[PDB]
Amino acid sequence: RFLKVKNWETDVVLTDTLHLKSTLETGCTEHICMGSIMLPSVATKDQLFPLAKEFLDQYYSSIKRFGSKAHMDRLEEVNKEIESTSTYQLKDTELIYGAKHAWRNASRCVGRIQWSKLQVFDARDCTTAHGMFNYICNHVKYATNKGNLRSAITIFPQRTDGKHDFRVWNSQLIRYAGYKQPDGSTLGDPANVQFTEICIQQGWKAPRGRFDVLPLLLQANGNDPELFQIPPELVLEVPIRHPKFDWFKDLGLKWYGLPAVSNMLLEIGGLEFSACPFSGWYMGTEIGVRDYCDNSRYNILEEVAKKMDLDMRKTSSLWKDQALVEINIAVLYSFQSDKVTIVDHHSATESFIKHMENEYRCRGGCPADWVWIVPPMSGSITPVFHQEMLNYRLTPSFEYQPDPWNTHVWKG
C-alpha cells in the first residue's frame, strides 16, 4: 500500500504513496504487463460530479483552503450547474491548475521539472476556425519567444454534446510535409504522408519539397475544418550543421524549434478539452534519433554513414550507432549556436531524476513510464535507465484521442 522504487546506479530509494490517489486503469493486470503497448485502452451528468468534486477537492487543497468556505460553496456551485446544464465551466484559476497538473501527471514526459512554469492561454471564447488560427499563431509566437522557448498551452472550448468538437487535425502545430513518390519512396516526413494528402484533399497546394511546413487544419464547434498557413516568420527553424564535419551543411537539414503537440485531449474535472495544443522545447534525441533516424521517418543514417567513411557492409561495425551520435551532436550544436532552447538527453534525464525526488518529497510520488522516459539512444549512460519507476494514471491528464478524420460526421 506504500510501494518502493529504487535507483540502481545510486542505490537511492523513494517511497510512493501518490499511486493511492490513482483512479484510471493502466492496461496491465496481475497476470500481464502492457507497459510497452503504445496506445492502450460523450459523458453523462451522473459521472460528472465525482470527477468535478475530486478535482475541486485537490484544487482547494492546493491553495491551502481544502474543505473551507470557498470550497464548499464552489462544490455547491458546480453541483448546481451540473444539475442545471448537465456540465459546468472552470474558473480561470481552476483551468490553469488543471492544465499544469495534466502536464505534471504526464508519466511519459521527461521534461516535467518545468511543469509549474506553464503559460495557459484560455481560448474558451473561441467560436470559429479563424479564431483558432489567431489563438494558435499567438501561441506559436509566444512559446517561440525568438528561440528562448517558453512552455505554453492554448485551451479551446470543452466538448459539450460530442458533435460540437474543437479539434486541431494536425498532430503537431508545426510538422514537415510528407509526399509519396512515383518510385514509392518518400520526400519530406513519412510520418505525415496521410495528413499531407488530407491537406491536399481539403485544398492544400503542396510545394512538394523536403522541409515544407504543413498548413493548419482547424475544426471549430464541430464544423468541417479549414486550412490556414502559419506566417513563415512565426515558424522558427534551425539549420543543422556539425561542429567538425563541414559536409554536414551539404546534407541540407533543418528542424523547427517548437514541438507543439495538438492532437491530444486534456481532461480536467471530467471536462474534455479536445483541442488543447501544448508546446515546450525539444530534447535533442526526438529530432536527431527518432525524427532523423527512425526507419519509417527521415531515415538518414544512410548518408551520414557514407560521408563519415564508414564500414556499411557489416551490421556489426556499429556504423549505424556511429552516425547516430554525430547527428545528435549536430542538432544540439546547431540549436545552441542559434540560441534556440534545446536540452540534451543527459541534462534532461538528470533533471527528471532531480524532479522525481522533488515529487516523492512534496507529493508522495511521480508517475513515470520508464519505456518512454529512457532516451532512444545511450539509454544506460543516462540516470533514468537505472531508476525504477511506478506508472499510474492520475488526473487531470492528457489523453490520446482518435484522429478527427476517422470520427467526424462530415457534411460539406
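Just count from 1 along the sequence shown to find any residue number.
- For the cut-off of one third of the other compared entries, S62 stays well clear, since all of them model it along with its flanks.
- Compared against other deposited entries of this protein, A52 counts as consistently modelled, with coordinates in all of those that resolve the residues around it and thus below the third mark.
- Coordinates are lacking for 4 to 9 deposited residues between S41 and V42.
- The PDB entry records a higher mean C-alpha B factor for 345-353 than for its counterpart among 345-353 and 369-377.
- On average the C-alpha atoms of 63-71 have higher B-factors than those of the other stretch, with 382-390 and 63-71 being the two compared.
- Of the candidates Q47, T26, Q58, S36, the one whose C-alpha carries the top B factor in the deposited record is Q47.
- Taking only the listed residues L217, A275, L251, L149, the entry reports the highest CA temperature factor at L251.
- Ranked by C-alpha B-factor against the other modelled residues of its chain, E233 falls in the middle third.
- In the PDB entry, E399 places in the lowest third of its chain by CA B-factor.
- When all modelled residues of the chain are sorted by CA temperature factor, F335 is found within the middle third.
- Ranked by C-alpha B-factor against the other modelled residues of its chain, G280 falls in the lowest third.
- Ranked within its chain, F156 lands in the lowest third, by CA B factor from the PDB record.
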